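Here's a solo chain for you in structure tokens, the form deposited in one PDB entry.
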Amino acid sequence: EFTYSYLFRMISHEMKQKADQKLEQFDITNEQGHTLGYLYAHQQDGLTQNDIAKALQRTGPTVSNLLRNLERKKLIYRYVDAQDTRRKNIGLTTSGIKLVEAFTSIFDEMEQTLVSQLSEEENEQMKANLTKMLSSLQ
């Protein structure tokens, strides 16, 4: 019986935490895992950073910064697109695809373990309640 500030704060932090530990063996952070994971799914769209910035609900610098790390790992690649020299377009590298195929399990577990804690009727109402709340902030 606590504050929503407390609850959402704690839960979120412990997911970054639990997931940071499991992701250790791949030398990435959860944020990095998620971005990588995102790129696995939607790179078909000739992705550019703003697009990612938009998808991750994070700022332009924040994303610039994360991508830079990932490219230092050579986990991704930014060809400076042709129509614009400003635009860098983002995609995985085999090494990054290999990585994604390899850690994706971790994310899936936590989800399942979570959605194991409840029954289908709950998860839909619960997850559908969550969505509603997120919007109100956003």
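Numbers for residues come from their place in the sequence shown, where the first is 1.
Between 13-21 and 123-131, it is 123-131 that carries the larger average Cα temperature factor according to the deposited entry. Higher mean CA B-factor, judged across 103-111 and 44-52 from the recorded values: 44-52. The residue among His34, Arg68, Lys74, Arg78 whose C-alpha carries the highest B-factor in the deposited model is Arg78. Residue set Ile90, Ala82, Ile97, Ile28: peak C-alpha B-factor at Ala82 (per PDB entry).
Same protein, other form: the form deposited in another entry, not shown, and the subject of what follows.
Hinge residue, chosen from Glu24, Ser116, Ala82, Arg72: the C-alphas switch from fitting one rigid part better to fitting the other at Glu24 when the forms are compared between the shown form and the other one. Note on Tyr38 and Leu7: their C-alpha atoms are more widely spaced in the other form, a change of at least 3 Å from this conformation. Wider separation of the C-alpha atoms of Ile11 and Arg58, by 3 angstroms or more, is seen in the other form than in the present form.
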